[PDB]
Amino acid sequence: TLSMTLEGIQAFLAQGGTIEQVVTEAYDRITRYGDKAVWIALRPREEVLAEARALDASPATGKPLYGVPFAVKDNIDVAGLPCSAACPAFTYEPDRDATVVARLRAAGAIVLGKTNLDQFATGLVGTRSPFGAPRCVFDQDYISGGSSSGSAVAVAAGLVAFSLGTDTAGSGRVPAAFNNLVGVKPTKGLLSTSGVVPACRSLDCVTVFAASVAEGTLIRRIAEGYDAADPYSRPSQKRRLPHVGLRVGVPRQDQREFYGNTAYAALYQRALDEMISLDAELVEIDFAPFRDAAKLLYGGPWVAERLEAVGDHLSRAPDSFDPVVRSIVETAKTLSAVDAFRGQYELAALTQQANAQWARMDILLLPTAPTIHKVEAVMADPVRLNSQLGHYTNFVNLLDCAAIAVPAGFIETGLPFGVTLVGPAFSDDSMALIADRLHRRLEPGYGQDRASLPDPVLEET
C-alpha cells in the first residue's frame, strides 16, 4: 500500500520495507499502467533489483534519496541506458551520467529509465514522438503536455517518486499542469546541462516534476550546483522575497487570454477568488512585454539554437525527424545573424519594459496554459494549437526569470488547471515557499488521484 513519494518511501522503509520491494512495486505499476507511450527505455527488472539489493545493505547516511525511484526525460544522459531524444536515428549510448543524474544517483536515487518526450524538446503537446503521445492522467483523449511528457505522467500515475524534465519553452511546467503536479523550473545555470541534448542551448533548464514543492525543491538542491564544463552554468546566488506585504502581479483582464476556455478562464479567476484569504496582495500589471517577449522564442531568431543542435542530422537524415518539428527547424535555415542580433535588440528593449513591471510586483501569477487540447485536434492543427500553450510561458528563460508550476484546480470535464508562479533570477528558495502555501490553498492534492500531500510543509526563514 505504498505511497510513491520521498516521504512515502521513507515510511515504507522505516517500517521494515526494502528498496527491493519498492522497485518490484514500481515495476508492477508500470507493467500495468497501459499508456503505451510513457517510456522509450525501461531497464531490466533484474538490473534494477540487483542494485536495489546493493542499496539495502548500504547505510542511508549521506543519502537524502535512499532507494528512491525516478524517471529521466530521454534527452538527459543516464549511463547504462541509450539516449534518443525521441529520434531513433539520433540514438546514442552515453558512457557517463549527466551531472544532475550523477548528483542524484549518489544521494541514493535509482533510475528505471528514459521517458518519452516531444522530439528534441520542440513542443508543448507530447504528441511529437514516434513512440507516440502520452496522455493526461485524467482523460486519454487529452494531451499530457510537453515536451517532458512521459516524465510527468510517470510521477502522477505513481510509477516513480519524481522525474527530470527540461525547460526552454514551457516543457517543465505545462506537463505539470496537465497531470496535477508540482513542476519546478530552476534559474538557468543552477543545474548543469552537461549530458543534456541541447534544444535552445543558452536557455535550457533541467527541471523537476514532483509531488510537493518541498520535494521538488529538495531534489533541486541536490541537483543544483556549478559545473565548469557547462558554459552556461552559474554558481548559486540566492536572492529572496517578502512574505509580509508580498505583491502579486496578474495580467490585465484584456491581457488575460484563454483561447476560448471559458472553463480555465473561470478557474484562473477562482485562483484569485481563493487567493484573497491569503497574505497575497494583488497588482494589475502590463503583461505585454512578457507576451511580446515570449513570442521571440519561435516567432523570433532563437528557434535557431535548435538548428545548431540537430542541424547535422537534418542534413544527414531529414526524414528521420518528426514532420512538425522538422517543419520548424527547416525554416530557421533562413535566419541570418542580422536577424539574430536584431532579436536580442528587441529582447533588451522588452527587458527594460519588463523591469518596469517588476517594480510594480514581487512575483508573477499566470495560467500555466490558456487551455488544453484533445490529441486528435493537434494531429491536425499540430502547430497553431501547440503555440497557444506557450502564451504565458515562453518569456521566462529569455528574461532570466525563475518559475514554479503548481496544481490549481479542476473543471467539470475532470481536467485540471495549473498556475505558474514566475519570479526573478535566484529567488528560487523563497518563491518556492509561496508556491506551497498557494498549492495547499487551491488544490492541496497531487497526481492521478489528487492524492494527499507529502509533508513536510514549507516554513519561512
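For every residue, the number given is its place in the sequence shown, counted from 1.
- Here 28 to 36 and 57 to 65 are compared by their mean Cα B-factor, and 57 to 65 comes out higher.
- The PDB entry records a higher mean C-alpha B factor for 265 to 273 than for its counterpart among 150 to 158 and 265 to 273.
- Of the candidates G170, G183, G189, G249, the PDB record gives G249 the highest C-alpha temperature factor.
- Ranking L399, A41, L421, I411 by the C-alpha B-factor listed in the PDB entry places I411 at the top.
- Placement of the Cα temperature factor of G123 within the chain: lowest third of the modelled residues, per the deposited record.
- Placement of the Cα temperature factor of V137 within the chain: highest third of the modelled residues, per the deposited record.
- When all modelled residues of the chain are sorted by CA temperature factor, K295 is found within the middle third.
- In the deposited entry, the Cα temperature factor of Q388 places it in the middle third of its chain's modelled residues.
- Split the chain's modelled residues into thirds by C-alpha temperature factor. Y259 is in the highest one.
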